[PDB]
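A quick write-up on the structure given underneath.
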Amino acid sequence: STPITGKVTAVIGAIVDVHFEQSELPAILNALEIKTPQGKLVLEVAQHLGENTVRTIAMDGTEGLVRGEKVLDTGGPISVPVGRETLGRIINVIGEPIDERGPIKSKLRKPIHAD
Amino acid sequence: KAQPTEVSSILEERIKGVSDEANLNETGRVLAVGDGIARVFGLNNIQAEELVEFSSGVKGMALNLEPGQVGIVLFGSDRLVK
Amino acid sequence: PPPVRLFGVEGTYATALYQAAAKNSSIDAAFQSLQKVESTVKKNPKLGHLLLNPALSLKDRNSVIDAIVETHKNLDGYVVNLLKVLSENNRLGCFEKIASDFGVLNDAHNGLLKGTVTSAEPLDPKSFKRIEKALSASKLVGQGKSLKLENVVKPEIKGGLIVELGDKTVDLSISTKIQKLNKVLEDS
C-alpha cells in the first residue's frame, strides 16, 4: 500500500494548504501528518479547494514551516485510543498521553467523527 | 493531412472517460467541495431546485445555477464527497 | 517601450508574450504560430474549444498542450512555453481573446488602422472605395500605415452613415440629426 504524500503549498496563519497529486485526494476530515524537526504535526481535511489542492486546519504551533514539505496521509480521521487503559491519564487532542507515563496501549483506535 | 486527424482521434479518446458519458446534460464532476457544498462543473440541462445524486449515494440539491458551475448543498456529511 | 496597451486583464499574457518575443523580432513567426495554433484549435473544434475547460487537471491540461505540440510543428518559439505556463495557469479558456488581441497588436505594428462605415443597409462599392481612399490619405492615417474599412448594417440607426476609427468618429447620419431636430423643437 502506498502512502499519499503532498506538498505544503500555502501556510496562512494557522491554516495549511496542500497540493497533492492526481486522484490522491483524501476525503474530508482525514488526519494528515508532517514530521517537524520538533515532532509530528497534524492537519485535518477541511476543504477540497479544487485541482488537487486541499485546505486544512493546523493542530499545533505552525511556525518554521517551509513551503512544499512532504506531508503524509494517514488515510482516516483522528483516532484516539479507548478502553480502560485510558483511565486516569492526561491525553492531548491527538490521542497522545502527555502524562509522561509512556504510551497508552489500546486494542482500539476510534475516529472522532462518527454519526 | 493524417496527423491532425491522429491528434484529434487521440484527444477525443484521451479524455474519453471525461468527454463521454458526458456533455453535461445530466452529468457533472465535483469541482470543489467545502462546508457541505459541492461546487460542481457541468450539469447543463439541470433544473433549479432539482435533486441530484452522487456516485457515493449521498444526495444533494442544486441552488445556484451559474454559467461556470452549479452550487449544490448536501443532505449528508461531506466526508463522502471527493 | 511597449506597444499599444492591452490594459491589464488577461491581455497581459499576450502583452508579455509580445514584449518578450519582440526583443528579438520573431513576432511575425510567433504571430504565424499563434494563427496556426488558433487554427488547429478551430480546425478541431470538438474538444479544441470544448477542451479549454477548467475542471480537467494539471496533468491532462499539460497533455493537451502535448497534443498541440504533437500536431507537427504547430507551436514554435516562446508560444509553447506560453502554453506551458498557460496550461499550468489554467487560463487556457481565455485563449481566443489572447489570439485576437495579439492580432490587434500585430496589425497595429503594421499600422492597419481598422475603421468602420456604419449604416443600416450595405452600400455600393463606389462609395466604399471613395471613402476608403479619403480616410487613407487623410491626416488620420499618417501614411506608412494601412487602412482597413468595414461597412456594417445597423437597424438601431435609421440610415445615413458614420465613420469610425482611432476612437475618433464622425456621424452625419439620419437618426442623430432627427434627435437634434427634436431637441431644438423641444424648447418653448
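Just so you know, all these numbers are worked out from the coordinates, no wet-lab data involved. Virtual Cβ from ideal backbone geometry, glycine too; neighbours counted across all protein chains shown.
Brief remarks follow.
- Out of every Cα-Cα pair that segment A:43-89 contains, those further apart than 18 angstrom amount to 49 percent.
- Less than 5 angstrom separates the built amide H of B:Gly34 from those of B:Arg39, all sequence-distant by 5 or more or on a different chain.
- Shielding by partners for peptide C:34-46, expressed as the average number of C-beta atoms from other protein chains within 10 Å of each residue's C-beta, is 1.
- The Cβ shell under 9 Å around B:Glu12 holds other residues with a net charge of +1, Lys and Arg each +1, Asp and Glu each -1.
- All-pairs alpha carbon distance profile, chain A, 5 Å steps from 0, percent: 2, 11, 21, 21, 18, 13, 8, 4, 1, 0
- Here segment A:85-115 and segment B:10-35 have alpha carbon centers that stand 43 Å from each other.
- Segment A:1-15 and segment A:34-58 have Cα centres lying 5 Å from one another.
- Stokes-Einstein D in µm²/s, Kirkwood radius over Cα pairs - the protein assembly as shown at 20 °C with 1.002 mPa s viscosity: 81
- Rounded to the nearest 10 degrees, the inclination of helix B:3-14 to the longest alpha-carbon principal axis of chain B is 20 degrees.
- Pairwise label distance in nanometres, C:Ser26 with B:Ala2, each label 7 Å out on the Cα-Cβ vector: 3.2
- Binned Cα-Cα distances of segment B:19-82, short to long, each 5 Å bin given as a whole percent: 4, 20, 35, 25, 13, 3
- Equivalent ellipsoid semi-axes, chain C, via Cα gyration tensor eigenvalues times 5, rooted, Å: 41, 20, 16
- 10 Å beta-carbon shell around C:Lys177, net charge (K/R +1, D/E -1): +1
- Peptides A:46-57, C:148-159, C:175-186, ordered by how many other C-beta atoms sit within 10 Å of their residues on average, highest first, read A:46-57, C:148-159, C:175-186.
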